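Let me begin by presenting the structure, written as structure tokens, before commenting on it.
Number of protein chains: 2
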Amino acid sequence: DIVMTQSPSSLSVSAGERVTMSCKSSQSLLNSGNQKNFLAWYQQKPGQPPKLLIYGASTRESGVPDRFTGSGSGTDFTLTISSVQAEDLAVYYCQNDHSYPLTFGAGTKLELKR
Amino acid sequence: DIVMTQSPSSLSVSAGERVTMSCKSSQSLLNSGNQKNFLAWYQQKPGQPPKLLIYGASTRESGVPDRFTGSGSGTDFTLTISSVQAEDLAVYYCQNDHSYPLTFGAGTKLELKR
């Protein structure tokens, strides 16, 4: 199986400020064929199911604001939120989304500071 | 988007007994081509990421015990756990896993009765 290592495990930030979170895969996710990275990020708000934010390492889903950016390639990926808002409170997971069994990392919990 | 409707939302059961949970999709998940249903079930234990239990509506992942069975076709799917044990305590989600955006249902929380 592909192990996805997420960090940090939790962070606390004030509204309007930038955060970066890392996701490393134990195997390359880059498809040398079509030069695509098979990596998704999901957001899971408290008491809700996960919801797909980004796939292909950096394509945002419809309706996901531009303050989310996914980047990186091969094994080393990043999710940045340039200006965190109150509704961004959630656990963020990265997922190996094409090589079975499909595998999530352990998640980065984002909490807002008052 | 495909809406996945899960029920019940939670249930409480004693060890060694049977439970059934339903997942309905608002669009058919059956691929008339290869007669496959594009439906996964994931298990999410407390404080952990989701983990893929079944894909193709009824194929178990490696290492998933036979007391899990997934069934159904088209729009109407079932997950049965024939003899619930303590480590089965979790939220179970079904997912539309092939038609973007990929979509989870709201989950069935399984709790053990003492």
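Respectively, the protein sequence lines represent chains A and B.
Its first residue numbered 1, the first sequence is counted upward by one per residue in the numbering used here.
Its first residue numbered 1001, the second sequence is counted upward by one per residue in the numbering used here.
Positions of the beta carbon are idealized from the N, C-alpha and C atoms, including for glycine.
At a Cβ-Cβ threshold of 9 Å, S7/A and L112/A do not count as neighbours.
Under the DSSP definition of a beta bridge, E111/A partners with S12/A. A57/A is outside the set of residues whose beta carbon lies under 9 Å from a beta carbon in chain B. Contact annotation for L52/A against chain B: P1101, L1102 [CB-CB distance below 7 Å, chain order].
Around the beta carbon of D1066/B, a 10 Å sphere encloses fewer than 16 other beta carbons of the protein chains shown; the residue is thus reported as exposed. When the beta-carbon positions are compared, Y42/A and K36/A stay at least 9 Å from each other.
Taking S1012/B as the centre and dropping the five residues before and after it, the same chain places the C-beta of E1111, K1113 closer than 7 Å to its C-beta, in chain order. Looking at the DSSP output, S25/A sits in a beta bridge with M4/A. Chain A places a beta carbon closer than 9 Å to that of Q1048/B, counting this residue as a contact. Residues of chain A with a Cβ closer than 7 Å to the Cβ of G1105/B are, in chain order, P49. Annotation: the continuous beta strand (DSSP E) that includes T69/A extends over 68-73.
Here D1076/B is bridged, per DSSP, to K1024/B, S1073/B.
The Cβ of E61/A sits closer than 9 Å to at least one Cβ of chain B. The alpha-carbon of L39/A is positioned some 6 Å away from that of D97/A. Using a Cβ-Cβ cut-off of 8 Å, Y1092/B is close to nothing in chain A; its nearest Cβ partner there is about 11 Å away. Annotated as proximal: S9/A and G107/A, with beta-carbon spacing under 9 Å. DSSP places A1086/B within a helical segment (H, G or I) once states are collapsed to three. Following the DSSP letters along the chain, one finds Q1043/B inside the beta strand (DSSP E) bounded by residues 1039-1044.
By the Cβ neighbour-count rule, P49/A is buried, with 16 or more other Cβ atoms within 10 Å of its own.
Annotation for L53/A: the continuous beta strand (DSSP E) segment containing it runs 51-55. Sequence-distant partners of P1046/B (beyond 5 residues in either direction) whose C-beta falls short of 8 Å from its own C-beta, in its chain, are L1089, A1090.
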